[PDB]
């Protein structure tokens, strides 16, 4: 006689916590980012293409390429330092990003490169506050 409709607000926060745990456990991962910047030593980041796609229109375009790979893809990344890539992956998984004030510019450059619009705004607003 009625339509019972439930909603849990905390769900998306809760699921992303499990998603991040799975990432750190290197479980259910389907992409390895291979980050090589200048003289910096090479770094690998394991991740889920969906989670990266859900936070970045650049990763979404990269991974939604009509037909699907049979499992693990290595994506060669250049132009971002491994430490920057690390922070942007962590943002995608946690909704949080952290950096020292001297590298807000370099995190912004990475966020522009991966079209992570919210952290571009955050970084540009922070840099503008550091002015008279």
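Numbering follows the first chain given and starts at 1. Basically, rigid core = biggest C-alpha set you can superpose within 1.5 Å across the two forms.
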| query | So which moves more in 5 other deposited structures of this protein by CA, 41 to 49 or 61 to 69, given a superposition on the core? | reply | 61 to 69
| Of 17 to 25 and 119 to 127, which one has the bigger average CA B-factor? | 119 to 127
| query | Of the two stretches 67 to 75 and 103 to 111, which shows the higher Cα B-factor on average in the entry? | reply | 67 to 75
| message | Out of 96, 55, 32, 38, whose C-alpha atom has the biggest B factor in the entry? | response | 38
